[PDB]
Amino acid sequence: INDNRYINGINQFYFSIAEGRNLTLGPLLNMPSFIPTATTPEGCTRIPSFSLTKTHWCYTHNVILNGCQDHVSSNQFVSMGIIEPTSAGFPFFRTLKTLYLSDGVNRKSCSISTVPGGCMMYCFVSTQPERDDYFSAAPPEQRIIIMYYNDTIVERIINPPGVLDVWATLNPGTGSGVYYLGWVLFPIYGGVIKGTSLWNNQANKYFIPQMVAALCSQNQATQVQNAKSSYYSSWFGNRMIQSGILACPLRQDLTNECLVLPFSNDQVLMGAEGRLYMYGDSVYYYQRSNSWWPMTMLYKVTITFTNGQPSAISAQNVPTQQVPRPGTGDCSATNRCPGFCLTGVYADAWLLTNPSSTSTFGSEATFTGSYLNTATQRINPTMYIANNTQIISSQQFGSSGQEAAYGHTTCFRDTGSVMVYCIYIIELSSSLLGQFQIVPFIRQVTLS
């Protein structure tokens, strides 16, 4: 279990609105990395997922032997452990168990979540190029693996209702899932088939971030028209790209008890990878900006239960115009106008302040994470702290041109020294070993 110094400083808003204005990032601290490196120049480690809870943490990433492209073979590394203080005062992520799922099943886009006594992981089995998954009417096989600290492993092929003949494809969002009220929730996304109930119920819906108007040169009517069209992709089998949540009851005999809960397209942008968080008793969702709006998207999720089962989800966006991501064409970090786009990168963000603490939800929110500071290239990894309109502290890593990809950020507090630490898990392009080196950068978020 996690050390007493951390058991009470996890999954919370660590600072007050007033303190948020005076936060800065400290120097990077050196700790033994708990994320394994490749041992060949062409080895590829990508798509990490990290879940940290009161008792322990779970980590996982995908491994491909040659280069970063396969739809046949790949292995998935899973790791779990606890956090303990070092003599220097900062955290050490102690690995207590390691697993390497290597058996021929091509598990991809996996999201992992902490559960009492272990980790629950949700993956889908890839057997063809991503684009092909959208054209085929049949969805990929879905699997959830539960790995207990006692070394028992139970994997199940799941068939949640409302998937077959509704979703041409379904993928976990790769971002962490969360254990909530006896259920494990995972972010999901995919393509919905035209003519289905889901499609019809989503027809004509769209979402436009609160701060777009002042930055977009198009008129309201034009924005609305383009926003509505941004949820349909002709390149991806003419499917409605949808975001959502997969809720699974914690059982070892899962078959069709998990529930697919899609977000209303009136509250969320075009479906994309994502991540779920827990701040106290509130659930939050991070949605990758793979569409027209290039800024960080965070939402407070309200979950409704009907007869002990999740029946509906509602999302309220934290309005910002900060931390853009690199994109292609007319959808780069500089874009501000609605339209159809299918480009971007995963870059979640951690809320250091409570958006509900202001009279108007999210009027003054502070968050931290990493982002690729460029308009169209996945380059210049940069850790930062920002509010709705400005970056108030940042430090680029490496020299300009340094390639990087996804970035998963997680913060917790040492209730002993009373300082907040954040771990920025960044996929860095390496020139020595492997295509990428996923690094768990760690540093303090100083108040002052």
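The numbering used is simple: start at 1 and walk along the sequence shown.
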Third-or-more of other entries without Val72: yes
Higher-B stretch (mean Cα B-factor, as the entry records it), 361-369 or 95-103: 361-369
Between the two ranges 398-406 and 57-65, the one averaging a larger CA B factor in the entry: 398-406
From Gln223, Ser176, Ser79, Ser289, which pick has the Cα B-factor that tops the rest in the entry? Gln223
In terms of recorded Cα temperature factor, pick the maximum from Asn150, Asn75, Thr114, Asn201. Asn201
If you rank the chain by CA B-factor, which third does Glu273 end up in: lowest, middle or highest? lowest
By its CA B factor, does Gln12 count among the lowest, middle or highest third of the modelled residues in the chain? lowest
Modelled-residue ranking by C-alpha temperature factor, third containing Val445: middle
State the tercile, meaning the lowest, middle or highest third, of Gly237 with respect to the CA B-factors recorded for its chain. highest
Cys258 by Cα B-factor - lowest, middle or highest third of the modelled chain: highest
